[PDB]
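Nothing fancy with the numbering, it's 1 onward along the sequence. Both counts, for ligands and for their atoms, begin at 1 and track the order of listing. Just the heavy atoms: all of them, side chains too, but no hydrogens, waters or symmetry mates, feed the values below.
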Amino acid sequence: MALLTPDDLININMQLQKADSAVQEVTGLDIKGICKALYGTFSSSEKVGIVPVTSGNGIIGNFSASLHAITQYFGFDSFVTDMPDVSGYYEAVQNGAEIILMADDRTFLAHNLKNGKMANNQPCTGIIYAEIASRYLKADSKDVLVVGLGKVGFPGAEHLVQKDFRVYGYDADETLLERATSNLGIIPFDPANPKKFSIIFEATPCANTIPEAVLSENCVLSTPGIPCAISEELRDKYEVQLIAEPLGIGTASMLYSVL
Ligand SMILES: NC(=O)c1ccc[n+]([C@@H]2O[C@H](COP(=O)([O-])OP(=O)(O)OC[C@H]3O[C@@H](n4cnc5c(N)ncnc54)[C@H](O)[C@@H]3O)[C@@H](O)[C@H]2O)c1
Ligand SMILES: NCCCC[C@H](N)C(=O)NCCCC[C@H](N)C(=O)O
Ligand SMILES: [Mg+2]
Ligand code: NA
């Protein structure tokens with residue numbers, strides 16, 4: 001239901017440069033490094049076919065151009081097919097793609113035809129954004145607050161629990177908070193009894209989901225969420241270190257995961 005617009009993807013190369021610097025500042029690693037920690041993998045110029053898809057709301061302005069940019073940035077031999085849909089898929093396989101990258105309104109996937117691995121953008125994004133959050137060099141705690149427990153949030157929290165962090169979760173939807181607590185063992189967080197975190201992961205499609213009362217100074221807020229989870233004011237007031245970028249960090253996570 002929450003979908004990228006062309007405006008979100010303006011100057012994707014700067015957005016990506018900027019997010020990569022923030023990731024380096026927070027964790028000591030660039031995005032490649034994070035991906036190598038998660039998956040053990042690295043790029044070797046694998047050939048990536050990017051197929052536009054016209055189903056649902058259709059082709060999104062700047063979407064495949066941005067994927068072309070992203071993939072090039074990380075050292076893949078990528079290209080965008082002239083035809084969309086099934087015809088484009090055929091064009092890609094025939095033009096030697098080893099990994100297919102394509103999306104409809106519900107699923108963005110990467111499929112590596114050589115080894116059979118396939119990634120879904122939603123867990124891949126939650127996993128990398130959570131990993132990045134957790135690796136905050138100067139956090140001084142293994143307490144992590146996770147706001148948003150849907151298709152992106154839940155796998156991030158799960159990753160974090162598997163990584164032996166002490167995870168506190170909140171979702172405005174009590175059903176999703178309940179499922180996360182009874183399937184993962186996270187501690188349910190209460191906005192009425194807040195404590196401060198130096199590590200925060202947000203995966204929501206809503207503004208101002210991070211209360212002032214949970215922010216410590218210099219804390220990290222890692223969020224795939226659109227629009228921004230915290231106001232500029234609160235972000236300046238606590239010099240929060242923001243990692244937020246619309247497509248490329250999740251895309252890298254999908255790609256490095258199928259290698
Ligand atoms: N930057 C990227 O690369 C990237 C990749 C994937 C998704 N996204 C974005 O991530 C966001 C989340 O995606 P999703 O698929 O998990 O959505 P989802 O609907 O599956 O989950 C969103 C969750 O946030 C909860 N929520 C809404 N307002 C809240 C509030 N104030 N407090 C706590 N919880 C609240 C909802 O109850 C819901 O459970 C969307 O904005 C989507 O566009 C970004
Ligand atoms: N950046 C958020 C995560 C990636 C998926 C994103 N939610 C999204 O907008 N998905 C829809 C993508 C549709 C792509 C369209 N069929 C196209 O090929 O241009
Ligand atoms: Mg991203
Ligand atoms: Na948000």
Side-chain angles (χ1 to χ4, degrees), residues 1-5 7-9 12-20 22-23 31 34-35 57 60 62-63 66-67 69-71 73-74 101 103-110 119-133 145-159 168-181 183 186 188-192 194 200-214 221-232 234-235 240 242-257:
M1 259 262 45
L3 260 31
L4 287 161
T5 64
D7 264 49
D8 282 321
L9 298 176
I12 192 60
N13 281 289
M14 191 38 95
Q15 295 202 67
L16 188 47
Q17 171 183 131
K18 285 288 175 172
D20 211 347
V23 164
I31 299 158
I34 297 291
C35 288
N57 213 241
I60 297 178
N62 299 340
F63 186 79
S66 298
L67 298 184
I70 296 160
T71 48
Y73 179 96
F74 290 102
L101 210 55
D104 71 15
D105 293 355
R106 301 258 249 123
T107 303
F108 175 24
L109 69 80
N120 185 295
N121 179 252
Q122 292 152 338
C124 287
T125 296
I127 287 166
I128 186 155
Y129 277 90
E131 172 77 1
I132 283 171
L145 211 214
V146 176
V147 177
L149 302 161
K151 295 189 258 52
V152 171
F154 180 100
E158 186 183 48
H159 175 68
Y168 291 75
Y170 183 66
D171 193 296
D173 183 333
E174 351 178 63
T175 291
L176 269 319
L177 183 48
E178 245 278 337
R179 199 186 339 286
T181 56
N183 295 344
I186 52 152
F189 178 74
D190 183 357
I200 310 187
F201 163 54
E202 200 266 19
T204 266
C206 286
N208 306 341
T209 55
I210 303 305
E212 174 159 9
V214 309
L221 175 52
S222 186
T223 170
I226 312 168
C228 209
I230 189 184
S231 63
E232 263 285 79
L234 276 182
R235 195 278 211 69
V240 178
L242 190 58
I243 319 277
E245 181 281 330
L247 181 62
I249 291 180
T251 297
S253 178
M254 294 163 75
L255 291 170
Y256 278 88
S257 85

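Protein heavy atom closest to atom 21 (O) of ligand 1, with residue, atom name and distance, is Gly150 CA, 3.6 Å. The protein heavy-atom contact nearest to atom 37 (O) of ligand 1 is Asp171 OD1, 2.4 Å. Of the protein's non-hydrogen atoms, the one nearest atom 7 (C) of ligand 1 is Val152 CG2, 3.8 Å. Looking only at protein heavy atoms, the nearest one to atom 18 (P) of ligand 1 is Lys151 NZ, 4.0 Å. Shortest contact from atom 31 (N) of ligand 1 to any protein heavy atom: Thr209 CG2, 3.5 Å. Counting protein heavy atoms only, atom 35 (C) of ligand 1 is closest to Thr204 OG1, 3.4 Å. Considering only non-hydrogen protein atoms, atom 40 (C) of ligand 1 sits nearest to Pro205 CB, 4.0 Å. Closest to atom 33 (C) of ligand 1 among all protein heavy atoms lies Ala172 N, 3.2 Å.
Taking CG of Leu145 as the start and CD1 of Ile186 as the end, the distance is 10.0 Å to the nearest 0.5 Å.
Per-residue contacts place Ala203 under 4.0 angstrom from the following atoms of ligand 1 (heavy atoms of the residue considered): 12 (C), 22 (C), 24 (O). Below 4.0 Å from some heavy atom of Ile226 lie the following atoms of ligand 1, by number and element: 41 (O). Listed by number with element, the atoms of ligand 1 under 4.0 Å from a non-hydrogen atom of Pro224 are 1 (N), 2 (C), 4 (C), 8 (N), 9 (C), 44 (C). Atoms of ligand 1 lying under 4.0 Å from at least one heavy atom of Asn121, given by number and element, are 5 (C), 6 (C). Residue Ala2 approaches ligand 1 through these ligand atoms, each under 4.0 Å from one of its heavy atoms: 43 (O). Near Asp173, the atoms of ligand 1 lying under 4.0 angstrom from a non-hydrogen atom of the residue are 37 (O). Counting atoms of ligand 1 from 1 in the listed order, those under 4.0 Å from a heavy atom of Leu247 are 3 (O).
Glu245 contributes OE1 as its N, O or S atom closest to the Mg ion (ligand 3).
For the ligand labelled ligand 1, residue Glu245 lies inside the 4.0 Å heavy-atom shell. Using a 4.0 Å cutoff on heavy atoms, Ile249 does not count as a contact of ligand 1.
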Could you give me the CA-CA distance, side-chain angles and deciding distance for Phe108 and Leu247, then say whether side-chain contact (heavy atoms from CB on, under 4.5 Å) is met? CA-CA 11 Å; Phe108 175 24; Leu247 181 62; 3.8 Å; yes
Carefully, step by step, assess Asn62 and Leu4 under the rule side-chain contact (heavy atoms from CB on, under 4.5 Å). CA-CA 10 Å; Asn62 299 340; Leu4 287 161; over 6 Å; no
Verdict with supporting geometry, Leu101 and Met254, side-chain contact (heavy atoms from CB on, under 4.5 Å): CA-CA 9 Å; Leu101 210 55; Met254 294 163 75; 4.2 Å; yes
Checking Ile210 against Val240 for the side-chain contact (heavy atoms from CB on, under 4.5 Å) test, could you report, in this order, the C-alpha distance in whole Å, the side-chain angles of both residues, the deciding distance, and whether it holds? CA-CA 11 Å; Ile210 303 305; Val240 178; over 6 Å; no
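Minimum heavy-atom separation, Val152 to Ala203: CG1-CB, 3.8 Å. Of all non-hydrogen atoms in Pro194 and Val214, the two that sit nearest each other are CB-CG1, 4.0 Å. A pairwise comparison of heavy atoms in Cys206 and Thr204 identifies N-CG2, 3.0 Å as the closest pair.
Judged purely by atom type and a 3.5 angstrom limit, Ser253 has no side-chain atom pairing as donor or acceptor with the backbone of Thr125. Looking only at distances, no side-chain donor or acceptor of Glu158 sits under 3.5 Å from a matching main-chain atom of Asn183. Under the 3.5 Å distance criterion, the side-chain polar atoms of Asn57 are left unmatched by any main-chain donor or acceptor of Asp105.
Within the 3.0 Å limit, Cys228 places no N, O or S atom next to the Na ion (ligand 4).
Here the options are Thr251, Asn13, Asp20, the test is side chain to side chain donor-acceptor pair (under 3.5 Å), and the partner is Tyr73; only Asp20 passes.
Between the choices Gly250, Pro246, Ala252, the shortest heavy-atom distance to atom 2 (C) of ligand 1 belongs to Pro246.
Taking distance alone, with nitrogen or oxygen atoms compared against 3.5 Å, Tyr170 stays at or beyond that limit from ligand 1.
Around the Na ion (ligand 4), the two atoms O of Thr204 and O of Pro227 are separated by an angle of 110°, to 10 degrees.
Proximity of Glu245 to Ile12: side-chain heavy atoms (C-beta onward) are separated by under 4.5 Å at one or more points.
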